[PDB]
Structure formats: C-alpha cells, structure tokens
Amino acid sequence: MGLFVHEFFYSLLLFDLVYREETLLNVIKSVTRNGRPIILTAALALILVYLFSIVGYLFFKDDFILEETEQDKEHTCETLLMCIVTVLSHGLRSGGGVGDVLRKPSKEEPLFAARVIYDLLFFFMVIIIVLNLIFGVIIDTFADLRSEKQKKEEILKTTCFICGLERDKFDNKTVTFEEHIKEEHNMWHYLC
Amino acid sequence: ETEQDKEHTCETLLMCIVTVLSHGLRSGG
Amino acid sequence: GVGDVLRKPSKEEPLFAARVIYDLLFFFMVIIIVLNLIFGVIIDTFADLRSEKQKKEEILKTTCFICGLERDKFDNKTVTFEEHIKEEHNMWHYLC
Amino acid sequence: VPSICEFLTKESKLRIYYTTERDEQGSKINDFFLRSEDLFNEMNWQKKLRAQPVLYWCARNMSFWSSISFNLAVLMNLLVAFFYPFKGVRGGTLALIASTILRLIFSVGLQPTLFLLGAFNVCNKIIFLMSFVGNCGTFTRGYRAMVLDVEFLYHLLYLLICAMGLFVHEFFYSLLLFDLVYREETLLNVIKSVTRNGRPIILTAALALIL
Amino acid sequence: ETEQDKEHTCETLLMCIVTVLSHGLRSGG
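Chains as they are written, first to last, in full-length UniProt numbering: chain A, 2404 to 2470, 2519 to 2643; chain B, 2519 to 2547; chain C, 2548 to 2643; chain D, 2212 to 2305, 2335 to 2451; chain E, 2519 to 2547.
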C-alpha cells in the first residue's frame, strides 16, 4: 500500500511496528487475557441501559425537537419506535450527565420530579456503577498481571534450578555455596 | 396554551433546593 | 463525548446510524479503554510502590541484622533475647 | 572505642538504616563495608572542620537555615501574583523568630519590603550554600557519583532563582516555590508513583495517540 | 441600573489569572 498504492497505510505499518514493542505489548495485555469473555461484559451495561430506555419511553415520549441546497433543515426528529435504540448513545453522550434530552420542562414540577429522578438514577447507575465496573476488569488485569509475574520470577531469580528449596539457609550454613550454580543445576550444561 | 414551552419561571423557593442538586451534580465536568 | 463534531444530521437516519455507531465506538474505545488504560500504569505504580516497600522494611524492622532468620521462635525459646541487638548485630558497633 | 568515633551525628545513623542492596539472599554486608569506608573519610574531615569556628556556627543552624529560606522565599513568590505593582493600592481585601520577621515586613514599603525580600533571598540562598558546604567540604571523594552532583546542582538552581528577582523580571518566584515543595519527599514518594515504571510508559501514551 | 446582567466586561488584567484557573479546570471534559 505504497508500492504504487494509495496514500495512507503507511500508518498501518507504524501501528504494527510499535506493537512489536513488547513492554507496550505487556500493557496491551493488561487488556486481552482476562478480556476474551470480558468483551461480553460490555454488553452488560449495553443491556442494563437498554431497558431504561423503555422505562422512560413509555411514560415519556422523547419530546425532542432540537439540540434543496444544504443538509440543514428544521430538525424533524423524534424517535417513533426505532430511534430509541439509537439515542442511547447520545443518551450516554457524556460522562457528564446522561439522559437529559428534554430541556424546558416548564415547571410542571411534578413531571419535573419524575423526570429528574429517573434520569438521575440512570445517571447514577449507568455512569458509575457500570463505568467503574467496565474498568474494573481492566484494572484487576494489572493487579493480576504483575501478581503472578514476580512469582514466575521467584522461581528463577530467587530460587535456582531443581531443588524445590528456598535455598539460602542451607547455603549460608555450608561449604561455599556461591558456585553451586556453575555445576549442580547448570541447565546449559544439561543441554550440553 | 399550545406548547409546553414558556418563559422559564423557575427559582427554587425552599423546596427545589433538594431537587436542583442532581442538576447541581449534573456533570462530572 | 468524543467525535461528535457534526450536528444537524437531518434525519438522513441511515447516515445517522453509520455516523453514530462509528463515533460511539471511538467513544467507547477511546475513552475508556484507553483512559482506564493510561491510568492503569499509574495505578499499578502505587500497587507496586508499597508492595515492595514493606518487604524492604521487613528486613530491618521485622527481622534484624545478619541472621537470614525470622528471629522470634528462637528468641522466645531462649536466654534473654531482647538485648541481642546491642551486641551481636550492632552494625554501628561494626563501624566502630 | 577510639576517641574519634563519637563525633558522628544522627545523619549517619539513618542513612545506614536505608542503604539496602539485596543482591541475593538477604540485604547483608558488602553494603556495610562500602558505607563504612566512606564514613571514615567523612569522619576525619569533621575534625578538620574544628580548626574553623564559623562552619561550626553554621552547623547547628543548617537544616533550619535551608528551611527558613525556603519558607521565606515563597511567602515571597506567591507574593508577585498576589499583588502585582504599578498601581497605588491599599491592603486590598477585595517558630518564634519567623513570625517576628513576617510582622516587620508587613509594614513594608508597600514596595520597599518587596525589594527587601529579594535582597534576603539572595543572601538566604547563600546561607543554604554554606550549610551544604558545612555538611560536605573539600569535595571529598566518595563512591556515590550520582549524589554529589545532584545535590550541588539543585542548590545551584536555587541560587539561580535568586537571579530571576535580583533585578530580573516578575515571575519565577513561582519556580522556586515549585522546587521547594518538590524537596518534599513524601510528595516526592507520590510523585514517584508516576516516573519509575514511567520511563518507557510515556511511550504508552502514544498507543492511544496512534490508536 | 436595574439588573445584574451587562455586556460582560471581563478580561483579566493581572489578578484574574489566579481566578480563571478554576474555570480553566471547569470541566473534566
């Protein structure tokens, strides 16, 4: 895709070269290993939002109007029974405040109360609970990821080859212990 | 009246204080 | 909310669908995944940072100088153990 | 004991508690030996200091000398912003010794006091340099090649703050405040909670910047 | 005057710099 082939891509090659970098690969891992059924934990919220569309939409139709030459007309929206599944993304539009599509409630304050409470709750639930929830697995990733790893480097750096023994007591106590790794456990020598 | 859209006669005498906190906490911004 | 530069899509709702889906996905990916990702290393920092550190204070506060020994069993069992740190392991005294 | 080993005050006792070096099994001895020989060299020179009294006068001052300057200095830098000059303005509602000094400045020149603050800061940083020298003098060789350089360079930078208000323009004062708070450790520990596993993880930023 | 709503005569000579940071840091957005 640049032999004689069109613009771009070059970008693709850059992305994979940096992927070939490992360490970043380790942090990249901090998102796939406990992730392979945890792409499925995304749809948890995508369904746990999905009902409270209706719970609003029944008692409250969206009542939404605004947020040839040109593509700019008098904004003929409002969501018959399809766009409900669309507007959730612009429902979840912000990390600031969710729902919140109708403005000018015009102080029919009871209706005011109902509406706010309901949106708040989605706000609350949707935003936080699921958002620290989505991460969560992203951050017990890295809580796991090192937590095994020094134990994997326990068995080479801390303890040596085949003893099943934590080494040191025995080593200070006798002979000279330092050079044990040259002969009695020298894996390279086993291969030799 | 025709529509539900008037000149916005709000302001919170002593009740709506407990309401507006949610729109106080409106954003994470 | 990320992307989201065009407003007034004017209900050419298919185009509407395409656009939203795409932005959402960036939204999703970009925002969260990478944002809890950026931090992540910021917060396994502090998960690491103490996690070594009490082990570094294991070797002075918990166990004493050169024994490679976790001390206490042996100490309750004999003599009087309390004053061991004045003589047999007194690094200051080694310097002296 | 020998008759020289007593003069080996509390700064040593805690550095030796924190010079770990776990190479293998335990955090034992090679460690002690390195620190010990350097300590002997510092110890003789301490009695070379006895031939000159001014340094000893400074010595009981030193931590406080440095501290005093830093405190004083800022209560200066934020000052610039706090009351930018050229307008004739009122007050604008809009330690035993330290308090006395603050009070005196307070009825200042409503500008003369600002000049005074700059003047003692230059002076004040010179006392920090002197305290630093009191702790380590003759450029006495030592094993730790990172430390000597870093300490003197940071003190030099603090001397440099003195420049950007000697007769030198507004601001900066702010810079000096930022580094004094950096000299605070604990915040330095939390600051660390972002550089050590960060030195190739500034590279993990561009991951998203490419993604 | 009648109301507290004028033609917005702002801009920060050398004081309001230390104010506007909060409305600098206005959002998490």
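For each residue, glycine too, the CB sits at the ideal point set by N, CA and C.
Residue i at chain D interface by Cβ criterion, 7 Å
i, result
"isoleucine 2606 of chain C", "yes"
"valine 2538 of chain E", "no"
"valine 2577 of chain A", "no"
"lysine 2603 of chain C", "yes"
"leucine 2543 of chain E", "no"
"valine 2581 of chain C", "yes"
"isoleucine 2632 of chain C", "no"
"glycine 2550 of chain C", "no"
is_contact[residue i, chain C] using C-beta, thresh 7 Å
i, result
"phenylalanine 2586 of chain A", "yes"
"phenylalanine 2573 of chain A", "no"
"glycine 2237 of chain D", "yes"
"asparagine 2623 of chain A", "yes"
"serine 2247 of chain D", "yes"
Beta-carbon gap between residue i and residue j smaller than 7 Å
i, j, result
"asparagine 2375 of chain D", "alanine 2284 of chain D", "no"
"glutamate 2617 of chain A", "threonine 2610 of chain A", "yes"
"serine 2433 of chain D", "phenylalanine 2593 of chain C", "yes"
"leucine 2584 of chain C", "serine 2247 of chain D", "no"
"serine 2371 of chain D", "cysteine 2269 of chain D", "yes"
"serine 2545 of chain B", "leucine 2571 of chain A", "no"
"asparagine 2364 of chain D", "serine 2277 of chain D", "no"
"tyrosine 2383 of chain D", "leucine 2245 of chain D", "yes"
"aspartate 2466 of chain A", "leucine 2543 of chain A", "no"
"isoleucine 2401 of chain D", "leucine 2416 of chain D", "yes"
"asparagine 2437 of chain A", "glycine 2615 of chain C", "no"
"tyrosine 2569 of chain A", "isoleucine 2535 of chain A", "no"
"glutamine 2236 of chain D", "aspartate 2591 of chain A", "no"
Cα-Cα separation, residue i to residue j
i, j, result
"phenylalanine 2563 of chain C", "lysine 2558 of chain A", "33 Å"
"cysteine 2528 of chain E", "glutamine 2522 of chain E", "14 Å"
"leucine 2596 of chain C", "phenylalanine 2628 of chain C", "33 Å"
"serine 2347 of chain D", "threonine 2304 of chain D", "16 Å"
"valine 2212 of chain D", "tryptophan 2639 of chain C", "12 Å"
"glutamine 2601 of chain C", "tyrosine 2453 of chain A", "47 Å"
"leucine 2350 of chain D", "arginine 2301 of chain D", "9 Å"
"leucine 2289 of chain D", "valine 2373 of chain D", "29 Å"
"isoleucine 2337 of chain D", "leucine 2266 of chain D", "22 Å"
"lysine 2464 of chain A", "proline 2440 of chain D", "52 Å"
"residue 2460 of chain B", "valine 2538 of chain A", "As displayed, chain B neither begins before 2519 nor continues past 2547, which places residue 2460 of chain B out of reach and without an answer."
"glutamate 2634 of chain A", "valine 2626 of chain A", "14 Å"
"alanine 2385 of chain D", "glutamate 2391 of chain D", "11 Å"
"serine 2274 of chain D", "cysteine 2216 of chain D", "23 Å"
"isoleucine 2589 of chain A", "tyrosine 2398 of chain D", "43 Å"
"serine 2339 of chain D", "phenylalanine 2218 of chain D", "34 Å"
"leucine 2531 of chain E", "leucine 2225 of chain D", "51 Å"
"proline 2556 of chain C", "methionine 2533 of chain A", "16 Å"
"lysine 2258 of chain D", "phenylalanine 2355 of chain D", "40 Å"
Cut-off 8 Å between Cβ atoms - residues of its own chain near residue i, not counting five sequence neighbours on either side
i, result
"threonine 2380 of chain D", "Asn2252, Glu2253 and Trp2256"
"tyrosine 2422 of chain A", "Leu2428 and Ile2431"
"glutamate 2232 of chain D", "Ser2238, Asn2241 and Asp2242"
"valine 2577 of chain C", "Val2549"
"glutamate 2410 of chain D", "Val2291 and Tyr2295"
"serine 2414 of chain D", "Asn2288, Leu2289, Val2291 and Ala2292"
"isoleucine 2468 of chain A", "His2526, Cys2528 and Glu2529"
"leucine 2607 of chain C", "none"
"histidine 2631 of chain C", "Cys2611 and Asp2622"
Contact with chain B by residue i, beta-carbon distance below 7 Å
i, result
"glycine 2546 of chain E", "yes"
"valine 2567 of chain A", "yes"
"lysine 2558 of chain A", "yes"
"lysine 2555 of chain A", "yes"
Residues of its chain near residue i, where Cβ-Cβ distance is below 6 Å and the 5 sequence neighbours each way are ignored
i, result
"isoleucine 2345 of chain D", "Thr2353"
"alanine 2448 of chain A", "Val2581"
"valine 2408 of chain D", "none"
"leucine 2357 of chain D", "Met2287"
Contact set for residue i: own chain, Cβ-Cβ below 7 Å, skip 5 residues either direction
i, result
"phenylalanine 2574 of chain C", "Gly2548, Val2549 and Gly2550"
"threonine 2520 of chain A", "none"
"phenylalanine 2412 of chain A", "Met2404 and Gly2405"
"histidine 2636 of chain A", "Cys2611, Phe2612 and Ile2613"
"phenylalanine 2368 of chain D", "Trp2276, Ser2277, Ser2280, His2395 and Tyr2398"
Interface flag, residue i vs chain A, CB-CB below 7 Å
i, result
"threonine 2527 of chain B", "yes"
"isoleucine 2240 of chain D", "no"
"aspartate 2591 of chain C", "yes"
Chain E within 7 Å of residue i, Cβ atoms only
i, result
"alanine 2292 of chain D", "yes"
Original post:
Counting only runs that start and end within the region 2611-2641 of chain C, where is the beta strand (DSSP E) found for 3 or more residues in a row?
Top reply: DSSP runs (the beta strand (DSSP E)) wholly in the region 2611-2641 of chain C: none.
**OP:** Could you pull out every unbroken alpha helix (DSSP H) segment of at least 4 residues lying fully inside the region 2423-2457 of chain A, listed in chain order?
**Re:** 2425-2432 and 2443-2451
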